[PDB]
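Accompanying notes for the structure given below.
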RNA sequence: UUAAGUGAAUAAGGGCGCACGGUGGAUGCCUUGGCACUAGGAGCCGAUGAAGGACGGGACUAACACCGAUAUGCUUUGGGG
């Protein structure tokens, strides 16, 4: 879904990176204490972070 | 009845033949891996950090294969359904 990450600016990029890293922290705390019905969301967040970082590399030459 | 004479059978265990089992992995058939070559490519990598490794990445992950904090994967151009 890079078609939306290419509809933004390099400031909102770093903003959503902050948000997703925080989401990963909270997911990682759910999985340990006996919660988190939907365990497939940990991979999804990793991959959205990967996408933002590649797209930011591409545009700054 | 008494004398003189002749005397089988009976296996604690063993042998030979036969019948059925147990152990053990020979023989037959088979291939997932090898051996000797032919024709074609290629004949170097490295301070822009190598060859080879250590430690990590999975919902559960001891091991092997893959990958490197963007970690069981990210973008892009083509194929395929």
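Residue numbers (the entry's author numbering): 2 to 62.
The C-beta atom is built at its ideal place from N, Cα and C for all residues, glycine as well.
Distance CB(residue i)-CB(residue j) smaller than 8 Å
{"i": "residue 24", "j": "residue 46", "result": "yes"}
{"i": "residue 53", "j": "residue 17", "result": "yes"}
{"i": "residue 11", "j": "residue 57", "result": "yes"}
Straight-line gap, residue i to residue j (C-alpha atoms, nearest Å)
{"i": "residue 32", "j": "residue 49", "result": "20 Å"}
{"i": "residue 51", "j": "residue 6", "result": "12 Å"}
Unbroken alpha helix (DSSP H) run spanning residue i, endpoints
{"i": "residue 24", "result": "11-33"}
{"i": "residue 7", "result": "Where residue 7 is concerned, there is no enclosing alpha helix (DSSP H), given that its DSSP letter is neither H nor E."}
{"i": "residue 54", "result": "42-60"}
Cutoff 6 Å; reference residue i; Cβ partners in own chain excluding five residues on either side
{"i": "residue 28", "result": "43"}
{"i": "residue 4", "result": "none"}
Chain-order list of residues whose beta-carbon lies under 8 Å from that of residue i (same chain, five-residue window excluded)
{"i": "residue 40", "result": "32"}
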